[PDB]
Amino acid sequence: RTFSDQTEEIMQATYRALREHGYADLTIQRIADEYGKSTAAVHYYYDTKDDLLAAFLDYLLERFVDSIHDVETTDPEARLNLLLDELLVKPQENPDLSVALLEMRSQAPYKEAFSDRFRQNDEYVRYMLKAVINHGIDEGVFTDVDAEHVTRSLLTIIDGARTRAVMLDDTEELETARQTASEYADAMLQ
Amino acid sequence: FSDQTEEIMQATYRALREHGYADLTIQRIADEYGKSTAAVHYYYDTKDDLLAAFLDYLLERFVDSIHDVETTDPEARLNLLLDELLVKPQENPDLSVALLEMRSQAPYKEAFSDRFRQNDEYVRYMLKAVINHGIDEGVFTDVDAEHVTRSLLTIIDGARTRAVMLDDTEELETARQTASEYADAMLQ
Ligand SMILES: [Cl-]
């Protein structure tokens, strides 16, 4: 009841503190400064920067999961697009979080908690993308093709865009990748 | 002269693949090299001076490799460039991890950003050149060569990222297929 309230306020502080300082220079302390409470009011829930950010990843996935539950369209063509929009147009307003997330991704081979977490995100996207592709194949709207490989392909495009958008400090990279995603999909499916 | 620098580039190659970028200092490189901390300082003042050099050392053995593809046949050349970008790096996976770490630093060091950006320029130039040639030759559809090219770059970059993040070099294999699926959907 009041455990969720603190977690959420703390996740928000985290977001804000990551937006300002990036991954490397994040500290519980700076998190705490953004939370407005004592440093020990965060150590009450998390013992480490790393524990805290594993939670923060889980948090971003839930936020993402929520917004998808918002899309109830079952039309395969319309739903693919809406998912692609969700993954490629919406993030054209989180660029400062984006630097932090690439730093953290580059650290996945040294930290299981992050690696586990990023695979989790990836699986969720994979599941929801393969699912709409399968539905359309079933409705006969899409050509009967290797669904696992088509969705792996869209996964690569997605991850391409996120890296190049930060690596090149250009959110246009997602906008071009959005187009790549449509071209790719249309060539395979329709 | 430039003989000694190469051995340092090669030392930081060993210490990179061992200890990682994050856990990398002059002392550790000095160790793989066999000479004193001062002796590497003779060639590089900052660790940043060293890493920048380090960077454009890789992106230099690489162009050395592409400037081996001598063919002007557009279909063949484009596949051979895509091979070199996606098929060869599979057998050389060790450095990919630190490669990603440097990339994540690009927003913090202009020296890094500058270099990946120039490298990216060059890869885009060489990919787009084939595509253009193939259009003139009439063997690829007249296409937005700038977009098709950067589309191929999105695929290549996602592959590099995904292969370390999900710890799976076959991630480059499926991207090679994606790239061929895309290119010839656009071009042919
Ligand atoms: Cl997401």
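So that the names make sense, note that chain A is the first sequence line, chain B the second, and so on, each numbered from 1. Just so it is clear, the values below take in all heavy atoms, side chains as well, and ignore hydrogens, waters and symmetry mates.
Ring pair B/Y125/B/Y122 is parallel by interplanar angle, where below 30° counts as parallel and above 60° as perpendicular.
Between B/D83 and B/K88, none of the side-chain N atoms (NZ, or NE/NH1/NH2) sits under 4.0 Å from a carboxylate O, so this pair counts as no salt bridge. A salt bridge links B/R124 with B/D120: at least one charged nitrogen is closer than 4.0 Å to a carboxylate oxygen. Under 4.0 Å is where a charged nitrogen must lie from a carboxylate oxygen, and between B/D157 and B/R160 at least one such pair does. Checked for salt-bridge contact, A/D50 and A/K111 meet the test: a charged N lies under 4.0 Å from a carboxylate O.
Going from atom OH of A/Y23 over to atom OG of A/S106 covers 9.0 Å, rounded to the nearest 0.5 Å. The distance from atom CG of B/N119 to atom CE of A/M167, rounded to the nearest 0.5 Å, is 8.5 Å.
No donor-acceptor pair under 3.5 Å is formed between the side chain of A/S182 and the backbone N or O of A/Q179.
A/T156 and B/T178 form no side-chain donor-acceptor contact under 3.5 Å, judged by distance and modelled atom types alone. Side chains of A/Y184 and B/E181: a donor-acceptor N/O pair is present below 3.5 angstrom, by distance only.
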Enumerate donor-acceptor pairs with a distance under 3.5 Å from any side-chain N or O in residues 169-176 of chain A to protein atoms, sequence neighbours excluded.
{"residue": "A/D170", "atom": "OD1", "partner": "A/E172", "partner atom": "N", "Å": "3.0"}
{"residue": "A/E173", "atom": "OE1", "partner": "A/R164", "partner atom": "NE", "Å": "2.8"}
{"residue": "A/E173", "atom": "OE2", "partner": "B/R150", "partner atom": "NH1", "Å": "3.2"}
{"residue": "A/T176", "atom": "OG1", "partner": "A/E173", "partner atom": "O", "Å": "3.4"}

Which atom pairs, one a donor and one an acceptor, fall under 3.5 Å between side chains of residues 52-64 of chain B and the rest of the protein, sequence neighbours left out?
{"residue": "B/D56", "atom": "OD2", "partner": "B/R115", "partner atom": "NE", "Å": "2.7"}
{"residue": "B/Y57", "atom": "OH", "partner": "B/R61", "partner atom": "NH1", "Å": "2.8"}

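Here the side chains of A/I28 and A/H43 are in contact, with some heavy-atom distance below 4.5 Å.
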